[PDB]
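One structure below.
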């Protein structure tokens, strides 16, 4: 699968995704990390968030990080994420996809959702 591929989301990161019809808008060979952090706003702790990628970690470069590492996040998949200090729970070499999809909950057309891995998609 690649950019333009039609797929079915096969994971449940948030409500409304599982089984949603989707189209791939970006594909990245990269390292995908699961991370835990306290949002900058001060709300509830985010535990084992899938996923942030190499390119979303401040000063990560081409250096693969290690579980246990403390990093600063440069993504904004949700409020309070950008600039947060996070702990890497795991690291995996894989391809991740950014997808447009229609929420199964409300019918809202979600654009450029980051991220799902190929293990999390069905074609």
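Numbering (this note's numbering), first residue to last: 1 to 123.
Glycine included, every Cβ here is placed at the ideal spot set by N, Cα and C.
C-beta contact flag for residue i and residue j at 9 Å
| i | j | result |
| --- | --- | --- |
| residue 99 | residue 7 | yes |
| residue 91 | residue 73 | no |
| residue 57 | residue 28 | no |
| residue 26 | residue 103 | no |
| residue 41 | residue 80 | yes |
| residue 35 | residue 13 | no |
Option nearest residue i by Cα separation, candidates the options
| i | options | result |
| --- | --- | --- |
| residue 119 | 107, 113, 95 | 95 |
| residue 108 | 65, 22, 116 | 22 |
| residue 67 | 87, 20, 122, 116 | 87 |
With 16 other Cβ atoms within 10 Å as the buried cut-off, status of residue i
| i | result |
| --- | --- |
| residue 31 | buried |
| residue 54 | buried |
| residue 78 | exposed |
Other residues of its chain near residue i: CB distance less than 7 Å, five sequence neighbours each side excluded
| i | result |
| --- | --- |
| residue 24 | 1, 2, 3, 4, 5, 7, 97, 99 |
| residue 76 | 82 |
| residue 47 | 36 |
Chain-order list of residues whose beta-carbon lies under 8 Å from that of residue i (same chain, five-residue window excluded)
| i | result |
| --- | --- |
| residue 60 | 54, 71 |
Identify every run of the beta strand (DSSP E) within the segment 43-67, keeping only runs that are complete inside it and at least 3 residues long; order them along the chain.
-> Complete beta strand (DSSP E) runs here, min 3: 46-53.
Let me know the beta strand (DSSP E) ranges lying completely inside the segment 17-41, each 3 residues or longer, listed in chain order.
-> For the segment 17-41, whole beta strand (DSSP E) runs of length 3 or above, ordered along the chain, are 21-37.
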